[PDB]
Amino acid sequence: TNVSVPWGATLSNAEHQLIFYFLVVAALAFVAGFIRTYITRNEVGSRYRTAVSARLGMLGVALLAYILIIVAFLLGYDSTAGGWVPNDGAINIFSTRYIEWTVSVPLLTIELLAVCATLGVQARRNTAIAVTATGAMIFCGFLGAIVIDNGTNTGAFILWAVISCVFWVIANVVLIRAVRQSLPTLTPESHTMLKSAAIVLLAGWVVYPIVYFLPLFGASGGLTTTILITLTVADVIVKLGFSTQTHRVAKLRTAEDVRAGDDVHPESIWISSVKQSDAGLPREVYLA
């Protein structure tokens, strides 16, 4: 049992405050993001609408999830003379974040695949692999960290982490292939953006596995705090800052389809205060 469960460490009043601060800030940040995404939903064409639906979903899930995390945090610790002593529900705080990831990660995959121009059959199978892979990845981590022996078995904590890494590789491969296959077809401007979005979205992922193995280096009120805050900052940075990257690709791809004369969009599309497309209406049709 070389594993030192983080929900066992007692927290200082200062630490307790910091965790709460970041958790709520995150939740509010998602509310702001969710609102933005919704209002800026018709800035994209019908073809890439799946990208908008996915991100809005991810943000929605994150908001509600972080509300549960906050609740668990409030019911997970009790105030004493020595600070905030963990109770039976403390484990729920860590558990809830996994739930978030289980649904959030898969949706991200779809978002990237949505902006990716993979056509017909190749695309459908890719989606299934990515979703199942990402879903399994988090489930394996949850099993090892929380489900098995109340996360007290050192070997499983590692074994399942390795199994998860397997899925992480499967996911990255499929996505990277899809991005690589689509890059040549896109315009130079589009090509650069997709690659940029793909790299930004996948890079951050490493932080999560790193934070997962931190408990092995021992237990501490400070460590527990670091684990929670780091993960929170990571969730916000990725699920928020990276959210715009996918959207931008969709918008440009939309404007390009307009300029190219492939389709007509109701409103002018602007990126970085530069006009990419002009407002257009479909030609009136007289039915038989």
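Numbering starts at 1 and runs along the sequence shown.
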Could you check which stretch, 183 to 191 or 89 to 97, carries the larger mean CA temperature factor in the entry? 183 to 191
Which of 227 to 235 and 248 to 256 has higher mean CA B factor, as the PDB entry lists it: 248 to 256
Comparing recorded Cα B-factors across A72, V211, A133, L175, which one is largest? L175
Based on what the PDB entry reports, which of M137, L113, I148, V207 has the top C-alpha B-factor? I148
Taking the C-alpha B-factors as the PDB entry records them, is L281 in the lowest, middle or highest third of its chain? lowest
Modelled-residue ranking by C-alpha temperature factor, third containing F242: highest
Based on the entry's values, in what third of the chain does the Cα temperature factor of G141 lie: lowest, middle or highest? middle
